[PDB]
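Chemist: The following block contains the structure, expressed as structure tokens.
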Amino acid sequence: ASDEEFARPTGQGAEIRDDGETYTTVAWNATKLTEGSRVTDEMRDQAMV
Amino acid sequence: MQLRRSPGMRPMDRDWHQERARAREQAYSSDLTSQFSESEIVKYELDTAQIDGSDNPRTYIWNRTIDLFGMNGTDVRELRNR
Ligand SMILES: [Mg+2]
């Protein structure tokens with residue numbers, strides 16, 4: 001939503017001017033973060049961990 | 001000693017309030033000489049009242065010569081957009 005404002009001082013009998021709430025957005029574009037690893041089956045066997 | 005008309009007592013007098021309110025609802029302009037007795041101007045200190053015709057209902061009421069639609073007698077400061 002747009003910011004708050006102040007009411008206008010107005011003459012007697014004079015009509016009300018409009019200043020409505022305006023709107024906008026912020027978009028999200030979720031970016032795929034990725035991470036990877038490869039181990040040989042010989043290493044996977046022989047490691048103590 | 002203070003009398004009702006004395007300058008320090010005027011704000012205590014109910015009539016000074018009531019009659020200044022009357023004066024504001026009577027007027028069409030700030031020209032007091034055009035509208036009020038010189039007694040009233042002094043007695044009710046009408047120079048100091050914000051008399052300008054903005055408080056008179058007749059300033060805002062419609063009163064056209066011919067009325068086919070019942071528009072007359074509406075007060076503009078009572079419309080939807082006021
Ligand atoms: Mg605005």
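In the structure tokens, each chain is lettered A, B, ... as it comes, each chain's residues begin at 1, and ligands are numbered from 1 in order of appearance.
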Need to verify the contact set: residue 48 in chain B, 12 Å, only C-alpha atoms, exclusion of same-chain residues closer than 2 positions in sequence. Can you return it as a ChimeraX atom specification?
Modeler: /B:16,20,23-24,30,32,41-46,50-52
Chemist: Output N, CA, C and O atoms for every residue in that selection, as a PDB file, in the first residue's frame.
Modeler:
```pdb
ATOM      1  N   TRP B  16     -24.265  37.340  25.648  1.00  0.00           N
ATOM      2  CA  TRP B  16     -23.175  37.706  24.756  1.00  0.00           C
ATOM      3  C   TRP B  16     -22.771  36.520  23.874  1.00  0.00           C
ATOM      4  O   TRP B  16     -22.627  36.681  22.664  1.00  0.00           O
ATOM      5  N   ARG B  20     -23.883  36.553  19.812  1.00  0.00           N
ATOM      6  CA  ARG B  20     -22.804  36.404  18.843  1.00  0.00           C
ATOM      7  C   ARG B  20     -23.043  35.209  17.923  1.00  0.00           C
ATOM      8  O   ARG B  20     -22.816  35.320  16.728  1.00  0.00           O
ATOM      9  N   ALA B  23     -25.653  36.415  15.493  1.00  0.00           N
ATOM     10  CA  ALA B  23     -25.049  37.329  14.538  1.00  0.00           C
ATOM     11  C   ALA B  23     -24.318  36.572  13.420  1.00  0.00           C
ATOM     12  O   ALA B  23     -24.518  36.872  12.247  1.00  0.00           O
ATOM     13  N   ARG B  24     -23.550  35.527  13.751  1.00  0.00           N
ATOM     14  CA  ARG B  24     -22.882  34.688  12.761  1.00  0.00           C
ATOM     15  C   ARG B  24     -23.867  33.986  11.821  1.00  0.00           C
ATOM     16  O   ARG B  24     -23.591  33.879  10.630  1.00  0.00           O
ATOM     17  N   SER B  30     -18.912  40.245   5.978  1.00  0.00           N
ATOM     18  CA  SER B  30     -18.251  40.830   7.135  1.00  0.00           C
ATOM     19  C   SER B  30     -18.629  42.293   7.405  1.00  0.00           C
ATOM     20  O   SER B  30     -18.213  42.837   8.428  1.00  0.00           O
ATOM     21  N   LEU B  32     -20.464  44.803   8.965  1.00  0.00           N
ATOM     22  CA  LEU B  32     -21.413  44.837  10.072  1.00  0.00           C
ATOM     23  C   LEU B  32     -22.423  45.976   9.928  1.00  0.00           C
ATOM     24  O   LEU B  32     -23.590  45.791  10.252  1.00  0.00           O
ATOM     25  N   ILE B  41     -23.517  46.073  17.606  1.00  0.00           N
ATOM     26  CA  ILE B  41     -22.097  46.035  17.294  1.00  0.00           C
ATOM     27  C   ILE B  41     -21.271  46.333  18.546  1.00  0.00           C
ATOM     28  O   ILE B  41     -20.293  45.641  18.806  1.00  0.00           O
ATOM     29  N   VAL B  42     -21.697  47.306  19.359  1.00  0.00           N
ATOM     30  CA  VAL B  42     -21.010  47.658  20.595  1.00  0.00           C
ATOM     31  C   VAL B  42     -21.310  46.651  21.710  1.00  0.00           C
ATOM     32  O   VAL B  42     -20.381  46.127  22.323  1.00  0.00           O
ATOM     33  N   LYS B  43     -22.593  46.357  21.968  1.00  0.00           N
ATOM     34  CA  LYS B  43     -23.046  45.521  23.073  1.00  0.00           C
ATOM     35  C   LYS B  43     -22.505  44.090  22.995  1.00  0.00           C
ATOM     36  O   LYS B  43     -22.213  43.484  24.026  1.00  0.00           O
ATOM     37  N   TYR B  44     -22.385  43.551  21.777  1.00  0.00           N
ATOM     38  CA  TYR B  44     -21.953  42.182  21.535  1.00  0.00           C
ATOM     39  C   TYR B  44     -20.567  42.095  20.897  1.00  0.00           C
ATOM     40  O   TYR B  44     -20.133  40.996  20.551  1.00  0.00           O
ATOM     41  N   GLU B  45     -19.864  43.228  20.769  1.00  0.00           N
ATOM     42  CA  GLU B  45     -18.487  43.295  20.285  1.00  0.00           C
ATOM     43  C   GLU B  45     -18.329  42.536  18.966  1.00  0.00           C
ATOM     44  O   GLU B  45     -17.422  41.713  18.812  1.00  0.00           O
ATOM     45  N   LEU B  46     -19.214  42.831  18.011  1.00  0.00           N
ATOM     46  CA  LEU B  46     -19.316  42.068  16.777  1.00  0.00           C
ATOM     47  C   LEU B  46     -18.082  42.228  15.882  1.00  0.00           C
ATOM     48  O   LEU B  46     -17.859  41.389  15.017  1.00  0.00           O
ATOM     49  N   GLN B  50     -16.055  36.284  14.359  1.00  0.00           N
ATOM     50  CA  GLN B  50     -15.668  35.995  12.981  1.00  0.00           C
ATOM     51  C   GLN B  50     -16.891  35.982  12.052  1.00  0.00           C
ATOM     52  O   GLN B  50     -17.192  34.971  11.421  1.00  0.00           O
ATOM     53  N   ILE B  51     -17.583  37.123  11.956  1.00  0.00           N
ATOM     54  CA  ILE B  51     -18.751  37.285  11.097  1.00  0.00           C
ATOM     55  C   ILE B  51     -18.293  37.469   9.650  1.00  0.00           C
ATOM     56  O   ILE B  51     -17.528  38.383   9.334  1.00  0.00           O
ATOM     57  N   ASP B  52     -18.782  36.590   8.756  1.00  0.00           N
ATOM     58  CA  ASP B  52     -18.392  36.618   7.347  1.00  0.00           C
ATOM     59  C   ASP B  52     -19.434  35.990   6.404  1.00  0.00           C
ATOM     60  O   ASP B  52     -19.205  35.939   5.195  1.00  0.00           O
TER      61      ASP B  52
END
```
Chemist: Can you tell me which residues sit at most 9 Å away from ligand 1, counting only C-alpha atoms and all ligand atoms, written as a ChimeraX atom specification?
Modeler: /A:2-6,18-22
Chemist: Going by DSSP on the backbone, which residues of range 15-74 of chain B come out as alpha helix (DSSP H)? List them as a list in words.
Modeler: residues 15, 16, 17, 18, 19, 20, 21, 22, 23, 24, 25, 26, 38, 39, 40, 41, 42 and 43 of chain B
Chemist: Include C-alpha atoms and write out the residues we just selected as an mmCIF file, in the first residue's frame.
Modeler:
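The resulting file, out37.cif, is shown below:
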```cif
data_model
loop_
_atom_site.group_PDB
_atom_site.id
_atom_site.type_symbol
_atom_site.label_atom_id
_atom_site.label_comp_id
_atom_site.auth_asym_id
_atom_site.auth_seq_id
_atom_site.Cartn_x
_atom_site.Cartn_y
_atom_site.Cartn_z
ATOM 1 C CA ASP B 15 -26.582 36.612 26.083
ATOM 2 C CA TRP B 16 -23.175 37.706 24.756
ATOM 3 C CA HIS B 17 -22.576 34.086 23.679
ATOM 4 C CA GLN B 18 -26.117 33.488 22.349
ATOM 5 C CA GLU B 19 -26.259 36.805 20.441
ATOM 6 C CA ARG B 20 -22.804 36.404 18.843
ATOM 7 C CA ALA B 21 -23.995 32.968 17.634
ATOM 8 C CA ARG B 22 -27.176 34.648 16.255
ATOM 9 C CA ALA B 23 -25.049 37.329 14.538
ATOM 10 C CA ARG B 24 -22.882 34.688 12.761
ATOM 11 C CA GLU B 25 -26.018 32.884 11.486
ATOM 12 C CA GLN B 26 -27.632 36.166 10.273
ATOM 13 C CA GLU B 38 -24.878 50.099 16.100
ATOM 14 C CA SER B 39 -26.132 49.093 19.595
ATOM 15 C CA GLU B 40 -25.589 45.398 18.704
ATOM 16 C CA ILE B 41 -22.097 46.035 17.294
ATOM 17 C CA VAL B 42 -21.010 47.658 20.595
ATOM 18 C CA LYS B 43 -23.046 45.521 23.073
#
```
Chemist: Please find the residues of chain A near chain B - the criterion being any atom within 10 Å, counting only C-alpha atoms - and write them as a list in words.
Modeler: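 Taking only C-alpha atoms into account, residues 10, 11, 12, 13, 14, 15, 16, 17 and 18 of chain A sit within 10 Å of chain B.
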Chemist: To one decimal in Å, tell me the separation between CA of residue 73 in chain B and CA of residue 57 in chain B.
Modeler: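 So the two atoms, CA of residue 73 in chain B and CA of residue 57 in chain B, lie 10.2 Å apart.
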Chemist: May I have the residues within 12 Å of residue 64 in chain B as a list in words, using only C-alpha atoms and disregarding those fewer than 5 positions away in the same chain?
Modeler: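 The filter keeps residues 69, 70, 71, 72, 73 and 74 of chain B.
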Chemist: Name the residues in contact with residue 3 in chain B at a cut-off of 12 Å, using only C-alpha atoms, excluding same-chain residues fewer than 4 positions from it; report them as a PDB file with N, CA and C atoms, in the first residue's frame.
Modeler:
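Saved result, result10.pdb, follows:
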```pdb
ATOM      1  N   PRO B   7     -16.752  45.912  30.322  1.00  0.00           N
ATOM      2  CA  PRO B   7     -15.950  45.214  29.319  1.00  0.00           C
ATOM      3  C   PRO B   7     -15.319  43.917  29.816  1.00  0.00           C
ATOM      4  N   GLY B   8     -14.964  43.852  31.105  1.00  0.00           N
ATOM      5  CA  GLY B   8     -14.420  42.648  31.714  1.00  0.00           C
ATOM      6  C   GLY B   8     -15.457  41.552  31.963  1.00  0.00           C
ATOM      7  N   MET B   9     -16.756  41.889  31.971  1.00  0.00           N
ATOM      8  CA  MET B   9     -17.815  40.940  32.279  1.00  0.00           C
ATOM      9  C   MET B   9     -18.459  40.310  31.045  1.00  0.00           C
ATOM     10  N   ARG B  10     -18.274  40.873  29.840  1.00  0.00           N
ATOM     11  CA  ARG B  10     -19.000  40.398  28.662  1.00  0.00           C
ATOM     12  C   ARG B  10     -18.906  38.881  28.480  1.00  0.00           C
ATOM     13  N   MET B  12     -18.797  36.470  30.585  1.00  0.00           N
ATOM     14  CA  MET B  12     -19.647  35.781  31.549  1.00  0.00           C
ATOM     15  C   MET B  12     -21.122  35.779  31.142  1.00  0.00           C
ATOM     16  N   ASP B  13     -21.544  36.709  30.287  1.00  0.00           N
ATOM     17  CA  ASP B  13     -22.949  36.905  29.984  1.00  0.00           C
ATOM     18  C   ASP B  13     -23.422  35.855  28.976  1.00  0.00           C
TER      19      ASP B  13
END
```
